[PDB]
Amino acid sequence: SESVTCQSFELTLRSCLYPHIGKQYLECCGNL
Amino acid sequence: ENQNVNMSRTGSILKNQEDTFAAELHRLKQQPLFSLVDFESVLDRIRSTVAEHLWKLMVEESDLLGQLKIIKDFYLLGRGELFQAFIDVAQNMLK
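Top line first, the protein sequences correspond to chains U and W. Using the entry's author numbering, read the first sequence as starting at 670 and increasing by one per residue. Using the entry's author numbering, read the second sequence as starting at 287 and increasing by one per residue.
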């Protein structure tokens with residue numbers, strides 16, 4: 670949409686990747 | 287951020303106040319100038335709606351009114367008889 674409402678920028682995407690890691694780190698330990 | 291993410295003050299995982307915050311961001315960046323009233327009247331809105339949601343947090347999780355009369359009864363000694371039996375016994379072996 671707009672850049673200035675998306676602020677800013679790369680630590681928000683990185684804090685999206687850590688639950689993407691997390692949804693495998695949380696589901697592996699259930700199987701262990 | 288430490289304990290639990292649905293316990294946030296602004297409303298960040300659990301509410302939609304941060305999209306109101308996004309609207310505030312849209313309002314405050316395109317302005318080329320700066321003054322005092324426009325900056326500080328919306329310093330209310332990032333504070334006041336945030337200052338009430340944590341008040342509506344700690345009422346229900348704790349029974350607020352419980353321990354905050356209990357902790358005063360231990361220090362200002364509201365239960366007056368309930369410590370004198372301690373004082374009578376603690377006198378005879380603090381000698």
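Ideal Cβ positions, reconstructed from N, Cα and C, are used throughout, including at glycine.
Measure how close the beta-carbons of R295(W) and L340(W) come, nearest whole angstrom, since I'm counting them as under 8 Å. The Cβ separation is near 5 Å, so the contact holds.
With 16 other CB atoms within 10 Å as the buried threshold, where does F320(W) fall? exposed
Determine the burial state of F307(W): buried for a count of at least 16 other Cβ atoms within 10 Å of its Cβ, exposed for fewer. That one is buried.
Give the residues of chain W in contact with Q676(U), contact being defined as C-beta atoms less than 8 Å apart. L311
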